[PDB]
Every structure is written in C-alpha cells, then in structure tokens.
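First comes one chain, alone, set out as structure tokens in the form solved without the named molecule.
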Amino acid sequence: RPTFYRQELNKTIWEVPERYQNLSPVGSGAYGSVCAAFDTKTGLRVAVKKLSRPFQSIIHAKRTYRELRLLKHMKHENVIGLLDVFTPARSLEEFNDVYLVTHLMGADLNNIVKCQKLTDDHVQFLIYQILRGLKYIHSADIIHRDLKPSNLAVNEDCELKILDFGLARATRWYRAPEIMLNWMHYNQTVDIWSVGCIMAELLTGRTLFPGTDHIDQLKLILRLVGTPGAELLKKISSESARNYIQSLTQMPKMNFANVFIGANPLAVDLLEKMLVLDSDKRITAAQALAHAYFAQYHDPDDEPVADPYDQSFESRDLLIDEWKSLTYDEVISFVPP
C-alpha cells in the first residue's frame, strides 16, 4: 500500500495518496467531479477524478468497470492516458471508492477556438491529431460517440488528446444525424461526423449546427447536407423515420466551397467527405489521414492501431458486487506507465 490523507472540497471528501498535493477543484457533477493536483513522484501536474457513488447501482457499477477497462487499454499519444488508479480500501470488502488520474492539460478545445481565430495550419494539426487517435480507438471497435471541443485537450504546444466526460474548468450539436433520429445500429463513422463538425467550427468561429432540439438539429443539418436521396432512403429501416424525413420539404445538398469560402479548398474537400448524411459513405479516420489536407503531418508509419479490445462484458447483466469485484481486480492489476 501507500499512505492516504483525508480532506474535503466543494462538499465531497478526498481520500488520496500523499504523492498528490495541492488538490484544487476543477469541476463536479456527472458521475465524477475532478481536481487538479501535483504529482510528487513525477514533478508533473495531474488530473484526479473521484467517481461519485461508483457502485451505487448496476449502471454505476458497470459504467465504473467500463471506464476503468477502457482507460487501462488506451496506450496512444492522442488519447487520454491512465497514469494511476487507486482506492483508500485495503480489501475488496471495504472497496467503495475509485479515483482515476491522468495528465493535467492546458485547455479544452472549446477555449482555444473561443479565444481567437486559429490558422489553417492549426486546424490541420488539431484535426490530424483527433483522427490519429480516432484510428487507434476505432481499430479496437471503440466508438467515442461524444466528441466535442470539451472532450479534446491540447497542451501549451498544441498537442492534442481525446478524453471523455470533459469537465470545463450541447453535445447534440456534434451528434451525427443518424444517432438522434435513432435508426439504431450506429457505428464508428458517427465519430467522423463529430470531427467534421469540430473542424468546421475551427475554420469558422461558430457552431456548424446549433440545434435547440432533435428536430431543430436535424433541420440545421439537412439545410447543409440536404435531404436523404433514394440511395439513403433504401437503407432506412424505420417506418416512422423515413415517413418523417420524406415528409419534410426536400432540400438540396449545398456547395461546401460556397458555404466555407476563404477556407483552404483542401479543408473543404475534407469537410465534404466527413459531413455526409449516409454513414456508409463518410470517410474513415484512417482514410482521412491520407487526405492531401494533412500532407504536412501525415506519416503512415506513425499512425498505430490498438491491440484488440474485448468488450464482451458489455453484453453481461451482473450484480453490483460482481461488477465491483471485477473493478477491484482491475485496480489491483494496474501497472503504471
């Protein structure tokens, strides 16, 4: 074991190892609440997330297991890394809390854009890094599904990492058209839509699609990408869905070069390949990496795929104690980086 020390912040108690000092709150709410601290073993600043009631319910227990397993598997430069996981419990029986530690970052992608107008070369490097981490993650059948500026961290020198549940020191704005209108049977390209949305907002200083709800959001999207064609229509399972879309005033796809004028024509071409209604036609992360747009950063030799990731557990229905024990084993088996 190591040595812990109690203390309360905001209204939540923090039982952490002595190696972490200067716990300053960052943000709470969700299933987490996180603090910024100093890692004495490394001399570096870290982010420590104390999960809220980790094993209170079955959804909590399994979502706690899911995240731990995920973070444990992720070994890539553009994906948030797990520096350490700990608990102030000495046995499984007393196991009630879970703290996860990562590198502290410079800022949310939301701050960067919200501040000034980045250069084109900045857009290329940032979007290139997202896609690099995306290829890694997708190569393991992992779908982020919640890509947005706040889930994107960049340090002082514009180096980027993908995280999740980013707590700022509408997710529907970056939501693919399909995963809203339901349709179900969503896939990884759902992430490429988000990237296309993030990129557009980096080139222009505003939200591509600021929809107020699922209805507005879809309206904003279609004005751009148009209304579903006969080919897309043929692939829509839901009777209510195609009844819905087919009932709208039909819209044409817009000329992106007209929509994103002044933008690098190579960026527009990438935008065009990402912002496709039909998920089957969107470009993939890997194929996007070879796009002329990233000629300056692209290296097919430094664009790794992930070791295979087994998410069989996702299908399991277990008890809070079974998920908690599974999670305890994962904590115990943790080997630092």
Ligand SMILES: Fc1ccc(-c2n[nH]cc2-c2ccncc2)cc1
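Only residues modelled in both forms are compared. Take the two forms, superpose them, and find the largest set of C-alpha atoms that agree within 1.5 Å; that set is the rigid core. Numbering starts at 1 and runs along the sequence shown.
Another form exists, solved in complex with the named molecule; not displayed. Remarks below refer to it.
- Stretch 180 to 188 is the contacting one of 88 to 96, 180 to 188, 261 to 269, 203 to 211, since its residues have non-hydrogen atoms within 4.5 Å of the named molecule in the deposited complex.
- Taking the partner from elsewhere, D278 is found to have a heavy atom lying within 4.5 Å of the named molecule in the deposited complex.
- For the chain shown alone, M254 is not a contact residue for the named molecule in the deposited complex, no non-hydrogen atom being within 4.5 angstroms.
- Using a 4.5 angstroms limit between non-hydrogen atoms, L232 touches the named molecule in the deposited complex.
- Using a 4.5 Å cutoff between non-hydrogen atoms, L222 counts as a contact of the named molecule in the deposited complex.
- By the 4.5 Å heavy atom rule, the three marked residues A285, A290 and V305 all fail to count as contacting the named molecule in the deposited complex.
- Contacts to the named molecule in the deposited complex (heavy atom within 4.5 Å) from stretch 234 to 255: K235, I236, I245.
- Shifted region between the shown form and the other one (3+ consecutive residues, every CA moving 2 Å or more on the core fit): 164 to 167 alone.
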